[PDB]
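Asks: Got a structure here, written out as structure tokens. Questions coming.
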Amino acid sequence: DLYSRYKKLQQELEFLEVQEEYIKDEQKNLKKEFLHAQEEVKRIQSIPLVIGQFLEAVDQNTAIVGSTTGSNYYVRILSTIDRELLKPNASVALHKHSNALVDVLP
Amino acid sequence: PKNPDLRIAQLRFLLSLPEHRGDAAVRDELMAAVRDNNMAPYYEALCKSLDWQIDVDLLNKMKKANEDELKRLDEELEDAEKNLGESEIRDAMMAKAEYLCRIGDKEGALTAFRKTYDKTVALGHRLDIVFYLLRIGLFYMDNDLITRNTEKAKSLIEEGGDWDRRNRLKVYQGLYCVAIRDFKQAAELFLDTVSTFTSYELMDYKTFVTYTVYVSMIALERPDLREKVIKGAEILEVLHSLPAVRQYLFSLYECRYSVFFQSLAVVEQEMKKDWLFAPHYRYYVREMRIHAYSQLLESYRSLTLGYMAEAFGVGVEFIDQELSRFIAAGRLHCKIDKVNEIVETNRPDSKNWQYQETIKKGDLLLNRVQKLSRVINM
Amino acid sequence: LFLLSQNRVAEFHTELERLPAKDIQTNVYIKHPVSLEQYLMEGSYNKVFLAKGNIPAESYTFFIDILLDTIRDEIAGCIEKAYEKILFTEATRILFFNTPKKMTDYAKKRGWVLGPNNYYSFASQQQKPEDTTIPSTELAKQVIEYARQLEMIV
Amino acid sequence: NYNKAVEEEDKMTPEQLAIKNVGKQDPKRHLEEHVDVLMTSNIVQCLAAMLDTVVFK
Amino acid sequence: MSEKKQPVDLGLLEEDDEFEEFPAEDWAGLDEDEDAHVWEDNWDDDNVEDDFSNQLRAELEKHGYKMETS
Amino acid sequence: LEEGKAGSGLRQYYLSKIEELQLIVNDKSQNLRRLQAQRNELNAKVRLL
Amino acid sequence: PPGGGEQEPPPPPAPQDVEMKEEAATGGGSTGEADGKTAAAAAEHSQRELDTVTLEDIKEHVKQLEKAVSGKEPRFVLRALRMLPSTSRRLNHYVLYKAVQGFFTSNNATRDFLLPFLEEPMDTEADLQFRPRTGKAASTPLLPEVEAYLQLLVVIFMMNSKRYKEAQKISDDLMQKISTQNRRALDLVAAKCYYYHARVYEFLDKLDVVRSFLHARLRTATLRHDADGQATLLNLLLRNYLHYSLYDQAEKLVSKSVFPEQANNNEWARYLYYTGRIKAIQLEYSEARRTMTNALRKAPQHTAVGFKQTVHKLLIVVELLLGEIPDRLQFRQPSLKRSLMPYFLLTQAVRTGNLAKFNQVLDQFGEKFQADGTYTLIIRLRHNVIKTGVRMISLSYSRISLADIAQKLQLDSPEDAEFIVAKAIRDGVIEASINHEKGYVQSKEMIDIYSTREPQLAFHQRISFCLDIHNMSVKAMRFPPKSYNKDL
Amino acid sequence: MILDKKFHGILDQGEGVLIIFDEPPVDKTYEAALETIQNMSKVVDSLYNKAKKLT
């Protein structure tokens with residue numbers, strides 16, 4: 001038990017040492033997947049879209065938006081947009097299909 | 001105080017050091033000693049004065065009149081006390097503090113301006129008390145005592161800049177900024193000279209212009225003068241008072257050293273023998289000489305000794321040690337050579353040195369991020 | 001004398017600490033090596049030659065001459081550096097006596113050209129600058145090390 | 001200009017960070033955007049060796 | 001360790017025991033004109049000041065006589 | 001004797017310093033896997049988007 | 001009688017609360033902190049211990065406690081002694097023994113109960129389980145308090161404290177290698193002790209026992225150390241080599257090792273001040289200037305005024321050798337001013353360079369800067385005045401006259417002019433063109449900076465080195481976040 | 001008029017040589033120096049927060 005802790009512990013030395021290149025692979029690959037999914041959700045935001053109008057904000061990360069035809073729409077806003085675009089009287093513009101807002105117009 | 005005893009008792013500097021002009025200063029000092037209770041000031045400065053034959057004559061009358069007016073202000077203070085009112089007690093204790101500023105004792109005036117400083121119903125009268133400490137702080141030439149009440153009374157005004165209150169505080173800023181050698185931030189203070197007027201309390205208007213013509217004439221370059229003072233009509237109005245200032249402005253702006261050096265002796269003698277402007281006489285001379293040498297040397301790459309000696313009107317043996325001391329000591333331009341006995345500089349200070357101006361902040365920032373590494377783990 | 005003879009003058013500069021023990025401090029031989037080495041820091045050889053006869057009957061004058069014999073290569077080597085050019089009329093006074101030992105030994109030691117009673121200096125600031133190709137390759141290797149150290153753990 | 005345009009607010013950040021220190025109210029991170037600016041700035045470094053190769057051979 | 005500062009502070013106590021408030025007041029005669037002033041400029045002003053303290057302090061009044069002689 | 005307590009004693013102390021190196025590798029794995037959980041949670045968050 | 005008799009008992013129990021609460025918070029906090037896993041949690045109480053030592057260095061505790069207030073000396077830890085388990089009755093005894101001395105009076109003494117301090121460490125120091133950390137954490141804090149006031153025949157008592165310390169743990173050790181937080185802390189504890197009785201060593205005796213034993217104890221410290229405690233143990237050896245060792249064949253260029261992480265947040269300043277003090281005798285111009293000025297700019301934590309006046313004094317003393325002497329500009333403290341007052345006249349007189357006058361000015365009022373010892377660098381300065389002056393001539397115009405500048409330099413002769421100027425040319429710090437056409441000596445004196453003159457080769461090493469320092473600073477901003485997220 | 005900086009040029013007395021030059025990239029050192037000066041307050045304020053939280 002006294003002298004066996006060295007050679008018995010060497011197995012833990014190898015088992016913990018083998019995780020170095022593993023966490024290297026995870027930290028080098030999962031950020032490549034992070035930019036893959038990042039550009040994939042970035043390319044969804046397209047320029048051709050419809051422009052609506054903002055009416056009220058009921059809670060955080062979710063609000064209502066009035067369409068151009070007059071009907072009010074309930075769409076969860078995107079997390080990247082900060083609270084500056086949450087102005088009640090603003091020129092918000094959703095997508096033509098996704099109906100998500102990218103930026104407001106002055 | 002605000003009485004002329006501030007200036008009359010302010011001539012004690014030229015009364016003390018030189019023995020030639022010590023006749024008129026003791027003439028109007030002894031003649032003005034019967035005014036504004038001048039007993040204690042000249043009694044404290046009696047070592048720089050005449051003997052005690054005529055000195056002990058008026059002391060018996062001034063020491064009893066001081067106690068008479070003092071006890072009358074005490075009786076008036078007791079009559080103002082125990083009664084409903086705020087400005088009456090402020091005027092009684094404030095008048096007592098003004099008389100204690102006339103005698104020149106800041107102990108009872110310190111606790112007096114402390115009591116009426118605590119009885120300030122508004123911040124404007126508080127700033128008035130601050131100025132009442134500044135008018136005697138000029139004579140006492142204190143450093144921190146006059147910046148503490150202005151540092152505390154500076155913030156939270158909220159009543160807007162008045163015509164003579166804020167302008168007077170700016171005048172005080174010109175005073176303590178003339179005391180200190182700060183110039184690049186003091187060049188903005190005298191811009192309000194349009195609203196300034198003859199202030200017999202601290203400094204006359206002609207003395208304010210005469211005092212700001214040094215910081216403006218030396219502390220400013222040609223674009224700064226052309227923008228501020230040459231474009232402004234104020235110096236165009238006040239140049240007619242003294243014809244010398246027009247010569248020191250048009251000759252300096254015109255780059256005529258033959259008359260500027262012949263007339264510079266008046267700036268040398270007038271520069272000293274002043275209350276607050278004397279101990280800095282060494283900086284204005286050297287700074288103005290290196291400023292003129294950088295002015296002429298800016299537009300000139302190479303310079304022969306003939307045109308230089310004829311332009312400045314001085315021997316080559318003096319400009320030799322001048323530029324020799326201004327290469328290392330002055331640090332104005334690149335190394336100078338005398339292989340052809342001709343002043344020839346290169347000045348590569350734009351192309352590469354314009355990018356190399358940030359390497360000092362790069363090395364100091366390098367030691368500062370080494371300090372950032374020193375914060376690690378402890 | 002041995003430390004200055006063996007070109008170990010740095011060990012003298014650090015050795016100047018133990019000798020001021022305030023033992024005698026009035027004898028000329030106590031202050032002789034520090035004044036001679038301080039003159040070596042000045043480099044003035046005229047004061048040493050004129051001070052050769054100032055040493056008393058103390059029998060180390062021949063050893064001082066050995067010191068001059070072991071420093072004449074450094075003094076003569078430094079005065080004959082010849083950055084641009086030097087004329088013989090100065091070497092007549094600065095150099096030693098008319099005995100042609102320096103012009104003979106130095107002709108086989110330095111191996112330079114002898115002109116018309118003048119000493120010519122060649123290979124002075126004649127080096128051609130680089131082609132900027134190799135420093136560009138080492139700059140590329142430095143960029144490789146910048147991608148390495150900047151992106152190694154990632 | 002964008003870097004300084006954020007540093008003008010980063011001059012005001014140590015006041016709030018020197019007052020509250022509790023909770024986050026600004027959804028802007030001010031870090032990853034500057035990291036991306038550094039990534040776009042590293043093109044000069046990565047292509048400097050390319051110019052070294054084109055000039056060399 | 002910070003324990004070696006004690007004998008150095010004892011040397012400071014010996015330097016303070018050499019002259020009792022003599023350099024504070026005597027040097028304060030100039031410090032009263034130097035207080036609140038930027039000490040970075042006082043190195044150049046004190047450099048040229050001490051440099052000219054021996055001779056040719058002002059020298060500006062002498063140029064009027066040196067114009068015709070040189 | 002004086003080996004298991006001295007020779008194998010300093011060998012066991014060197015094994016304790018090896019346990020310190022495995023504490024540097026250990027906590028490097030800990031904080032690297034916590035940052036890995038942060039990036040995994042963010043990329044998983046945009047995956048939820 | 002009524003003033004001190006009535007106002008006598010208020011003073012004494014002023015430090016009692018912070019000393020008892022301090023020793024209970026650091027003792028119970030350290031033992032109770034690393035008790036479960038001492039080997040896992042390391043260096044958490046190091047900065048606490050050194051901050052408490054530097055916080056207690058200026059204690060005015062003992063001013064009047066010699067008269068019947070010395071009751072704090074006979075008491076000691078008394079925490080869970082004589083038995084490891086069943087410590088409830090001893091938890092009551094903790095209040096009991098503290099309450100017994102407070103009923104009416106207490107029998108106290110000062111120099112009586114000093115030697116029998118080894119009664120408990122014979123059987124059980126604190127609990128017989130944590131003996132090392134509780135033995136050193138128990139004995140080492142309270143021993144310098146009783147051993148204060150080194151004078152007045154305490155040197156022998158300090159020797160008793162020595163043989164007690166070594167005899168209990170550090171004759172060799174208590175166990176060959178503790179190899180824990182009390183080992184890595186024991187390095188700087190035994191070192192700090194060596195600095196504590198180092199004044200006793202240098203007082204009347206000299207190095208022939210303990211610091212010579214510090215080599216065997218220094219390499220017995222195992223070579224696998226981080227060299228923090230080993231380097232602090234090297235600091236006392238180098239300081240012992242500072243005043244008079246004078247051999248330079250081994251420690252100079254042989255003491256230089258792998259140089260592991262030896263920072264201590266003070267050891268760069270004082271250790272670099274030591275190696276720069278020893279490297280300052282050969283007139284180092286490039287390295288010791290920048291690294292010793294940096295070491296001057298370091299260590300701002302506790303005091304940057306009372307201690308930096310000596311590295312500043314030596315700093316300017318070796319700065320005026322190069323001809324350019326920067327004075328005190330950005331630091332405002334009334335210690336370097338009074339320290340520099342005698343040296344100010346001569347350090348300002350260096351640039352003007354008057355030989356005959358300033359030569360008499362130095363020895364005229366020179367007391368301390370020339371009474372510092374062996375007058376080495378000032379006796380080099382007496383003939384370095386002309387070298388800094390001729391270097392100012394190198395910063396001056398090119399052409400050298402035979403009367404104007406030769407008479408100005410107090411040297412009027414044709415031979416020694418070009419001879420000594422040539423001695424300034426052979427240095428290599430300046431640039432000149434030696435030409436003889438009609439007898440005058442010319443010079444090109446081209447001091448033009450590398451602007452548009454081979455810039456890539458000029459600041460190439462500047463870019464590489466600056467990116468290396470800023471990039472290891474990037475490592476210094478990557479690793480501490482790992483040391484942050486390590487626990488969570 | 002060169003001291004007034006209306007055009008690019010410089011005079012001469014010994015040789016009379018006229019040189020005309022300009023420095024187009026002015027917007028680099030300005031923005032760089034402003035970033036250094038603005039970041040000095042950032043690092044100093046960081047040392048104020050850490051110096052405040054430590055000692």
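Each chain of the structure tokens is named A, B, ... in the order shown, its residues numbered from 1; ligands are numbered from 1 in display order.
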With only C-alpha atoms as the counted atoms, please give the residues lying no more than 8 Å from stretch 50-54 of chain H, apart from itself and same-chain residues fewer than 4 positions off, as a list in words.
Replies: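 With the cut-off at 8 Å, the set is residues 375 and 378 of chain B; 46 of chain H.
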Asks: To test your reading of the structure, identify every residue in chain E that backbone DSSP assigns to helix (DSSP H, G or I), and report it as a short mmCIF file (atom, residue, chain, number, x, y, z; two decimals) with N, CA, C and O atoms, in the first residue's frame.
Replies:
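Saved result, selection.cif, follows:
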data_model
loop_
_atom_site.label_atom_id
_atom_site.label_comp_id
_atom_site.auth_asym_id
_atom_site.auth_seq_id
_atom_site.Cartn_x
_atom_site.Cartn_y
_atom_site.Cartn_z
N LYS E 5 14.41 47.40 6.14
CA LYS E 5 14.19 48.84 6.09
C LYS E 5 14.44 49.50 7.44
O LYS E 5 14.58 50.73 7.49
N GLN E 6 14.50 48.72 8.53
CA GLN E 6 14.68 49.32 9.85
C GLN E 6 16.04 50.00 10.00
O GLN E 6 16.07 51.16 10.46
N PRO E 7 17.17 49.38 9.67
CA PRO E 7 18.45 50.10 9.80
C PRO E 7 18.57 51.27 8.83
O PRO E 7 19.25 52.25 9.16
N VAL E 8 17.94 51.20 7.66
CA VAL E 8 17.94 52.33 6.75
C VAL E 8 17.16 53.50 7.35
O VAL E 8 17.57 54.66 7.25
N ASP E 9 16.03 53.20 8.00
CA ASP E 9 15.28 54.24 8.68
C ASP E 9 16.04 54.76 9.90
O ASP E 9 15.84 55.91 10.30
N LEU E 10 16.90 53.93 10.49
CA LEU E 10 17.78 54.42 11.55
C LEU E 10 18.82 55.38 10.99
O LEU E 10 19.18 56.37 11.64
N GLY E 11 19.34 55.09 9.79
CA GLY E 11 20.21 56.04 9.13
C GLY E 11 19.50 57.34 8.80
O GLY E 11 20.09 58.42 8.87
N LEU E 12 18.21 57.25 8.44
CA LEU E 12 17.42 58.45 8.25
C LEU E 12 17.22 59.20 9.56
O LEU E 12 17.14 60.43 9.57
N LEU E 13 17.14 58.47 10.68
CA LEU E 13 17.05 59.13 11.98
C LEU E 13 18.36 59.81 12.35
O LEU E 13 18.36 60.84 13.03
N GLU E 14 19.49 59.24 11.91
CA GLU E 14 20.78 59.90 12.15
C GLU E 14 20.93 61.14 11.28
O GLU E 14 21.43 62.17 11.75
N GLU E 15 20.50 61.06 10.02
CA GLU E 15 20.53 62.23 9.16
C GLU E 15 19.60 63.32 9.68
O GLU E 15 19.91 64.52 9.58
N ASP E 16 18.45 62.93 10.23
CA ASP E 16 17.55 63.90 10.84
C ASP E 16 18.09 64.42 12.17
O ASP E 16 17.70 65.52 12.59
N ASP E 17 18.96 63.66 12.84
CA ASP E 17 19.57 64.11 14.08
C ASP E 17 20.83 64.94 13.87
O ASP E 17 21.30 65.57 14.81
N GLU E 18 21.38 64.95 12.65
CA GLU E 18 22.49 65.84 12.35
C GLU E 18 22.06 67.30 12.48
O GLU E 18 22.61 68.05 13.29
N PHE E 22 16.87 72.22 10.38
CA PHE E 22 17.67 73.24 9.70
C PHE E 22 17.51 73.17 8.19
O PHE E 22 17.28 74.21 7.56
N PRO E 23 17.60 71.99 7.55
CA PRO E 23 17.36 71.95 6.10
C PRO E 23 15.90 72.08 5.72
O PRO E 23 15.61 72.47 4.58
N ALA E 24 14.97 71.76 6.63
CA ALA E 24 13.56 71.92 6.32
C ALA E 24 13.18 73.39 6.22
O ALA E 24 12.40 73.78 5.34
N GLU E 25 13.71 74.22 7.12
CA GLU E 25 13.40 75.65 7.09
C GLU E 25 14.30 76.39 6.10
O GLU E 25 13.81 77.21 5.32
N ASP E 26 15.60 76.10 6.12
CA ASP E 26 16.52 76.77 5.20
C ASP E 26 16.20 76.42 3.76
O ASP E 26 16.16 77.29 2.89
N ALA E 28 13.26 75.31 3.03
CA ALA E 28 11.89 75.80 2.89
C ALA E 28 11.85 77.26 2.47
O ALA E 28 10.81 77.72 1.99
N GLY E 29 12.95 78.00 2.64
CA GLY E 29 13.01 79.35 2.11
C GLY E 29 12.86 79.39 0.60
O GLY E 29 12.30 80.35 0.06
N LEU E 30 13.37 78.38 -0.09
CA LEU E 30 13.15 78.23 -1.52
C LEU E 30 11.93 77.36 -1.83
O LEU E 30 11.30 77.54 -2.88
N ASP E 31 11.59 76.43 -0.94
CA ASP E 31 10.43 75.58 -1.17
C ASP E 31 9.13 76.36 -1.11
O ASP E 31 8.15 75.99 -1.76
N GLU E 32 9.09 77.45 -0.34
CA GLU E 32 7.90 78.30 -0.32
C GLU E 32 7.67 78.98 -1.66
O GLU E 32 6.52 79.31 -1.98
N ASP E 33 8.73 79.20 -2.44
CA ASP E 33 8.60 79.64 -3.82
C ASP E 33 8.53 78.48 -4.80
O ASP E 33 8.23 78.70 -5.98
N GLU E 34 8.80 77.25 -4.34
CA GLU E 34 8.74 76.07 -5.18
C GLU E 34 7.52 75.20 -4.91
O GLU E 34 7.22 74.31 -5.71
N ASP E 41 9.62 70.81 -14.29
CA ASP E 41 10.24 72.00 -14.85
C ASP E 41 11.33 72.55 -13.94
O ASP E 41 12.25 73.23 -14.42
N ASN E 42 11.25 72.27 -12.64
CA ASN E 42 12.25 72.75 -11.69
C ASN E 42 13.62 72.10 -11.90
O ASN E 42 14.61 72.59 -11.35
N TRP E 43 13.69 71.02 -12.68
CA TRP E 43 14.99 70.42 -12.99
C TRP E 43 15.71 71.21 -14.07
O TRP E 43 16.94 71.37 -14.02
N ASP E 44 14.97 71.72 -15.06
CA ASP E 44 15.57 72.57 -16.08
C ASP E 44 15.81 73.98 -15.55
O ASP E 44 16.88 74.56 -15.76
N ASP E 45 14.82 74.55 -14.86
CA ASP E 45 14.98 75.88 -14.28
C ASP E 45 16.04 75.89 -13.19
O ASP E 45 16.77 76.88 -13.04
N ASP E 46 16.14 74.81 -12.42
CA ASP E 46 17.21 74.70 -11.43
C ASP E 46 18.54 74.35 -12.09
O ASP E 46 19.60 74.68 -11.55
N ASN E 47 18.50 73.68 -13.24
CA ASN E 47 19.73 73.37 -13.97
C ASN E 47 20.38 74.63 -14.52
O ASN E 47 21.57 74.88 -14.30
N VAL E 48 19.60 75.44 -15.24
CA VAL E 48 20.14 76.69 -15.78
C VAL E 48 20.33 77.72 -14.67
O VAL E 48 21.24 78.55 -14.73
N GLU E 49 19.49 77.66 -13.63
CA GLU E 49 19.63 78.59 -12.51
C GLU E 49 20.94 78.35 -11.77
O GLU E 49 21.72 79.28 -11.56
N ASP E 50 21.18 77.10 -11.36
CA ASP E 50 22.44 76.78 -10.70
C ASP E 50 23.62 76.90 -11.66
O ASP E 50 24.75 77.17 -11.23
N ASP E 51 23.38 76.71 -12.96
CA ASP E 51 24.45 76.85 -13.94
C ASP E 51 24.89 78.30 -14.07
O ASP E 51 26.08 78.59 -14.25
N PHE E 52 23.95 79.24 -13.97
CA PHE E 52 24.25 80.66 -14.09
C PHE E 52 24.40 81.35 -12.74
O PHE E 52 24.60 82.57 -12.70
N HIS E 63 24.07 92.59 -23.05
CA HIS E 63 24.04 92.55 -24.51
C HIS E 63 24.01 93.94 -25.12
O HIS E 63 24.58 94.16 -26.20
N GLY E 64 23.37 94.90 -24.45
CA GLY E 64 23.35 96.26 -24.95
C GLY E 64 24.73 96.88 -25.03
O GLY E 64 24.98 97.75 -25.87
N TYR E 65 25.65 96.44 -24.16
CA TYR E 65 27.04 96.86 -24.24
C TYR E 65 27.87 95.95 -25.14
O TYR E 65 28.91 96.39 -25.65
N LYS E 66 27.44 94.71 -25.35
CA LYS E 66 28.15 93.78 -26.21
C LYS E 66 27.80 93.94 -27.69
O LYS E 66 28.46 93.33 -28.53
N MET E 67 26.78 94.74 -28.01
CA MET E 67 26.43 94.94 -29.41
C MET E 67 27.50 95.73 -30.15
O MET E 67 27.92 95.35 -31.25
N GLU E 68 27.97 96.83 -29.56
CA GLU E 68 28.98 97.66 -30.21
C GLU E 68 30.39 97.10 -30.06
O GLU E 68 31.27 97.45 -30.86
N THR E 69 30.63 96.23 -29.07
CA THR E 69 31.95 95.67 -28.85
C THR E 69 32.14 94.31 -29.52
O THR E 69 33.28 93.84 -29.61
#
Asks: Skipping near chain neighbours, those fewer than 5 positions away, what residues fall within 8 Å of stretch 11-21 of chain F using only C-alpha atoms, listed as a ChimeraX atom specification?
Replies: /A:6 /G:177,179
Asks: Can you write just those residues out, N, CA and C atoms, as a PDB file, in the first residue's frame?
Replies:
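Resulting contents of again-v4.pdb:
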ATOM      1  N   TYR A   6       2.834   4.528  -5.706  1.00  0.00           N
ATOM      2  CA  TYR A   6       3.568   5.091  -6.835  1.00  0.00           C
ATOM      3  C   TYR A   6       3.094   4.490  -8.154  1.00  0.00           C
TER       4      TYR A   6
ATOM      5  N   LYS G 177      11.867  16.030   4.835  1.00  0.00           N
ATOM      6  CA  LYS G 177      11.219  16.972   3.921  1.00  0.00           C
ATOM      7  C   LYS G 177       9.723  16.996   4.225  1.00  0.00           C
ATOM      8  N   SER G 179       7.412  18.778   2.755  1.00  0.00           N
ATOM      9  CA  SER G 179       6.811  18.648   1.423  1.00  0.00           C
ATOM     10  C   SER G 179       5.334  19.043   1.414  1.00  0.00           C
TER      11      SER G 179
END
Asks: Give me, as an mmCIF file with N, CA and C atoms, in the first residue's frame, the contact residues of chain D against chain H at a cut-off of 7 Å, counting only C-alpha atoms.
Replies:
data_model
loop_
_atom_site.group_PDB
_atom_site.id
_atom_site.type_symbol
_atom_site.label_atom_id
_atom_site.label_comp_id
_atom_site.auth_asym_id
_atom_site.auth_seq_id
_atom_site.Cartn_x
_atom_site.Cartn_y
_atom_site.Cartn_z
ATOM 1 N N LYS D 4 -11.711 53.374 -30.828
ATOM 2 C CA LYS D 4 -11.822 54.562 -29.989
ATOM 3 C C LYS D 4 -13.277 54.888 -29.676
ATOM 4 N N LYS D 11 -14.082 54.404 -21.033
ATOM 5 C CA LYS D 11 -13.614 55.360 -20.036
ATOM 6 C C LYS D 11 -14.649 55.557 -18.936
ATOM 7 N N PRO D 14 -15.314 52.106 -15.845
ATOM 8 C CA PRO D 14 -14.771 51.881 -14.494
ATOM 9 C C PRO D 14 -15.490 52.656 -13.403
#
Asks: Would you tabulate, counting only C-alpha atoms, all residues of chain B that have an atom at most 8 Å from an atom of chain E, showing the closest pair of atoms and their distance in Å to one decimal, sorted by chain then ascending number, as JSON lines?
Replies:
{"residue": "B:143", "atom": "CA", "partner": "E:36", "partner_atom": "CA", "distance": 6.4}
{"residue": "B:180", "atom": "CA", "partner": "E:37", "partner_atom": "CA", "distance": 5.5}
{"residue": "B:181", "atom": "CA", "partner": "E:37", "partner_atom": "CA", "distance": 6.6}
{"residue": "B:261", "atom": "CA", "partner": "E:63", "partner_atom": "CA", "distance": 7.8}
{"residue": "B:262", "atom": "CA", "partner": "E:64", "partner_atom": "CA", "distance": 6.2}
{"residue": "B:264", "atom": "CA", "partner": "E:60", "partner_atom": "CA", "distance": 7.6}
{"residue": "B:265", "atom": "CA", "partner": "E:61", "partner_atom": "CA", "distance": 5.7}
{"residue": "B:268", "atom": "CA", "partner": "E:60", "partner_atom": "CA", "distance": 7.0}
{"residue": "B:279", "atom": "CA", "partner": "E:33", "partner_atom": "CA", "distance": 7.2}
{"residue": "B:282", "atom": "CA", "partner": "E:45", "partner_atom": "CA", "distance": 6.9}
{"residue": "B:283", "atom": "CA", "partner": "E:45", "partner_atom": "CA", "distance": 6.3}
{"residue": "B:313", "atom": "CA", "partner": "E:67", "partner_atom": "CA", "distance": 6.5}
{"residue": "B:314", "atom": "CA", "partner": "E:67", "partner_atom": "CA", "distance": 5.8}
{"residue": "B:315", "atom": "CA", "partner": "E:70", "partner_atom": "CA", "distance": 5.1}
Asks: Residues within 12 Å of stretch 96-103 of chain A, please, as JSON, numbers by chain. Count only C-alpha atoms; anything in the same chain fewer than 2 positions from it doesn't count.
Replies: {"A": [41, 42, 43, 44, 45, 46, 47, 48, 49, 50, 51, 52, 53, 54, 62, 63, 64, 65, 66, 67, 68, 73, 74, 75, 76, 77, 78, 79, 80, 81, 82, 83, 84, 85, 86, 90, 91, 92, 93, 94, 105, 106], "F": [49]}
Asks: Calculated over only C-alpha atoms, which of the candidates F:2, F:31, F:8, F:23 has the smallest distance to residue A:13?
Replies: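 Comparing F:2, F:31, F:8, F:23 against residue A:13, the winner is F:23.
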Asks: Using only C-alpha atoms, find the residues of chain G whose closest atom to chain F is at most 10 Å away, then write them as a short mmCIF file (atom, residue, chain, number, x, y, z; two decimals) with N, CA and C atoms, in the first residue's frame.
Replies:
data_model
loop_
_atom_site.label_atom_id
_atom_site.label_comp_id
_atom_site.auth_asym_id
_atom_site.auth_seq_id
_atom_site.Cartn_x
_atom_site.Cartn_y
_atom_site.Cartn_z
N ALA G 39 -2.16 19.57 1.26
CA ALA G 39 -1.36 19.49 0.04
C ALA G 39 -2.10 20.05 -1.16
N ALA G 40 -3.44 20.00 -1.15
CA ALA G 40 -4.21 20.50 -2.28
C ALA G 40 -4.22 22.02 -2.31
N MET G 175 11.15 16.43 10.20
CA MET G 175 11.20 15.28 9.31
C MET G 175 11.86 15.74 8.02
N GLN G 176 12.68 14.87 7.43
CA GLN G 176 13.61 15.24 6.36
C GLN G 176 13.06 16.27 5.39
N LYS G 177 11.87 16.03 4.83
CA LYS G 177 11.22 16.97 3.92
C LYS G 177 9.72 17.00 4.22
N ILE G 178 9.25 18.10 4.80
CA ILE G 178 7.82 18.24 5.10
C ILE G 178 6.99 18.10 3.83
N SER G 179 7.41 18.78 2.75
CA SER G 179 6.81 18.65 1.42
C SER G 179 5.33 19.04 1.41
N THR G 180 4.99 20.10 2.15
CA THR G 180 3.62 20.60 2.20
C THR G 180 3.65 22.12 2.24
N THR G 222 15.57 20.92 -2.24
CA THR G 222 15.65 20.03 -3.39
C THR G 222 15.70 20.85 -4.68
N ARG G 224 14.12 20.40 -7.27
CA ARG G 224 12.80 20.51 -7.88
C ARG G 224 11.99 21.69 -7.33
N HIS G 225 12.61 22.53 -6.50
CA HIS G 225 11.92 23.69 -5.95
C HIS G 225 11.59 24.71 -7.03
N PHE G 479 -3.34 32.77 -18.50
CA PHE G 479 -3.18 31.83 -17.39
C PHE G 479 -3.94 32.24 -16.13
N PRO G 481 -6.78 33.79 -15.80
CA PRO G 481 -8.17 33.32 -15.93
C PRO G 481 -8.33 31.83 -15.70
N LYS G 482 -7.33 31.03 -16.08
CA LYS G 482 -7.37 29.61 -15.73
C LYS G 482 -7.27 29.42 -14.23
N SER G 483 -6.41 30.20 -13.57
CA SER G 483 -6.34 30.19 -12.11
C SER G 483 -7.60 30.74 -11.46
N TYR G 484 -8.47 31.39 -12.23
CA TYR G 484 -9.77 31.84 -11.76
C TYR G 484 -10.82 30.74 -11.89
N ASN G 485 -10.95 30.15 -13.08
CA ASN G 485 -11.94 29.12 -13.32
C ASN G 485 -11.49 27.74 -12.84
N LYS G 486 -10.33 27.65 -12.18
CA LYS G 486 -9.85 26.35 -11.72
C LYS G 486 -10.76 25.77 -10.63
N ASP G 487 -11.24 26.61 -9.72
CA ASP G 487 -12.06 26.14 -8.61
C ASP G 487 -13.53 25.98 -8.98
N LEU G 488 -13.98 26.57 -10.08
CA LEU G 488 -15.38 26.49 -10.48
C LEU G 488 -15.51 26.28 -11.99
#
